[PDB]
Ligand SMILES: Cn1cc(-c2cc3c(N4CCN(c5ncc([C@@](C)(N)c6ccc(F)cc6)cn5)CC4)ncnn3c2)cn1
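First comes one chain, alone, set out as structure tokens in the form solved without Avapritinib.
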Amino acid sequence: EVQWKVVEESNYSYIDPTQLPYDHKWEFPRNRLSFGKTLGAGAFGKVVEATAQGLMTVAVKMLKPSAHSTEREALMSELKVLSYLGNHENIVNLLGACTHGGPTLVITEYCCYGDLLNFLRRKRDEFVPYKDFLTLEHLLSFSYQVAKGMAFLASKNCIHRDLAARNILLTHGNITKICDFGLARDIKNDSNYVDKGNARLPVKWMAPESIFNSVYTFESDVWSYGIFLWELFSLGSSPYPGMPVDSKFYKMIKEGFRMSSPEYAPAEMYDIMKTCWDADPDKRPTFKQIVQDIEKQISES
């Protein structure tokens, strides 16, 4: 299941998120919700735009009527993980929840510009590196904010496992927020997810140890962040463009093959990508190092 995991020292192992506590401070009166347009939908759930009276415009995640018992539990565990993580500017934050009086509703922040991938593709022919054009100043800020958000998740012993520009939302003032669609997104319709065994996985974003050894760590999140950077400075291009995921692709990655630098990537940002893609997880930077490195770049700019 492609979703977030909180880990505990064992050497880490995933915690069972059902065992996390749900504090009822999040409880919010169901009747104070006015639902609007459906923002997204998966096989078992959807996110709807809603007006919250006394909490503003919010996003509400809910299950579809065909959801099984395990998915109601999964939505509850999603609420438990968000409540455990706490608040940060660069994640989609929990605002409230409705657990009794009906089916479970998770109330989160609303990001009006949608996911960052479609935004970049939208702005591709309206980009200039320097001077509402998208600029290099914006791409640096986006790289900075996603690194801050990922540093925050890592500091809470949380690993994303699916970091990609499609999972970053953009809101007002060019604030980027990491999110986990979870049950609100069905990956069977997305060609960026590849069948491998029974699983469907974002192979072109995954670290080699994740692909060939099923190992997901803080360091494998850093690898995916490097792919995200490539997406960002290619203005939304697909990674390893024109390459099918086949035996040749896996062999090339295993033998050290990496993408070339995007056209608009500053050399300092390509340096970060290359270190993120080190075959040795121990040689990759941490998200805290990446935050400081990009902070120095923005000062110089």
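Start at 1 with the first residue shown and count on from there.
inquiry  = In a third or more of the other compared PDB entries with flanking residues modelled, does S191 go missing?
reply    = In at least a third of the comparable entries (those modelling both sides of it), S191 has no coordinates.
ask   = How much of the deposited sequence is absent from the coordinates between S10 and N11: none, 1 to 3, 4 to 9, or 10 or more residues?
value = Per the record, 1 to 3 deposited residues are absent between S10 and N11.
query = Should the segment between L55 and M56 be described as having none, 1 to 3, 4 to 9, or 10 or more unmodelled residues of the deposited sequence?
reply = Gap between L55 and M56: 4 to 9 residues without coordinates.
request  = Select between 170 to 178 and 212 to 220 the stretch whose C-alpha atoms have the higher average B-factor in the entry.
outcome  = Per the PDB entry, the higher value belongs to 170 to 178.
inquiry  = Mean Cα B factor from the PDB record: higher for 248 to 256, or higher for 56 to 64?
reply    = Averaged over C-alpha atoms, the B-factors run higher in 56 to 64.
query = Which is it among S237, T275, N31, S261: the one with the largest CA B-factor in the entry?
reply = In the PDB entry, the greatest C-alpha B-factor among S237, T275, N31, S261 is found at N31.
query = Per the entry, which of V81, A164, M150, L183 tops the list for Cα B factor?
reply = Of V81, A164, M150, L183, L183 has the highest C-alpha B-factor.
task = Select lowest, middle or highest to describe the third in which the CA B-factor of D282 falls within its chain in this entry.
result = Middle third of the chain for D282's C-alpha B-factor.
request  = Compare the C-alpha B factor of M206 with those of the other modelled residues in its chain, then answer lowest, middle or highest third.
outcome  = Middle third, going by the recorded CA B-factors of the chain.
Chain-relative CA temperature factor third for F228 = Within its chain, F228 is a lowest-third residue by C-alpha B-factor, going by the deposited values.
ask   = If you rank the chain by CA B-factor, which third does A154 end up in: lowest, middle or highest?
value = Lowest third, going by the recorded CA B-factors of the chain.
Chain third (lowest, middle, highest) by recorded CA B-factor, residue given as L134 = Middle third - that is where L134 ends up once the chain's C-alpha B-factors are sorted.
Just so you know, the form deposited with Avapritinib bound exists too; it's not on screen, but the next bit is about it.
ask   = Is the binding site on this chain open or blocked for Avapritinib after its pose in the bound PDB entry is superimposed by the nearby C-alphas, counting blocked as 3 or more ligand atoms within 2.4 Å of backbone or C-beta?
value = Judged against Avapritinib in the bound PDB entry, the pocket is blocked.
ask   = Would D180 count as touching Avapritinib in the bound PDB entry under a 4.5 Å heavy atom rule?
value = Result yes; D180 sits at the interface with Avapritinib in the bound PDB entry.
message = in the bound PDB entry, does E109 come within 4.5 Å of Avapritinib, counting heavy atoms only?
response = Output for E109 is yes: heavy atoms within 4.5 Å of Avapritinib.
query = Given that the partner is absent here, does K46 sit within 4.5 Å of Avapritinib in the bound PDB entry, heavy atoms only?
reply = Yes, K46 sits close enough to Avapritinib in the bound PDB entry that at least one of its heavy atoms falls within 4.5 Å.
key: Exercise: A41 in contact with Avapritinib in the bound PDB entry, heavy atom 4.5 Å   = Result yes; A41 sits at the interface with Avapritinib in the bound PDB entry.
key: Contacting member of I253, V245, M259, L63, with respect to Avapritinib in the bound PDB entry [4.5 Å, heavy atom]   = For this set of options, the contacting one is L63.
query = Avapritinib isn't shown here, but in the bound PDB entry which of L120, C98, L75, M206 has a heavy atom within 4.5 Å of it?
reply = Contact residue from the list: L75.
query = Can all three of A59, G114 and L169 be found with a heavy atom no more than 4.5 Å from Avapritinib in the bound PDB entry?
reply = Result yes, every residue of the spot touches Avapritinib.
Candidate stretches 136 to 144, 225 to 233, 172 to 180, 189 to 197 - the one whose heavy atoms come within 4.5 Å of Avapritinib in the bound PDB entry = The contacting stretch is 172 to 180.
query = Given that the distance between the C-alpha atoms of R185 and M150 changes by 3 Å or more in the bound PDB entry, do they end up closer or farther than here?
reply = Nearer in the bound PDB entry, by 3 Å or more.
task = Regarding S143 and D190, go with closer or farther for their CA spacing in the bound PDB entry versus this form, the difference being 3 Å or more.
result = It is farther: the C-alpha separation of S143 and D190 rises by at least 3 Å in the bound PDB entry.
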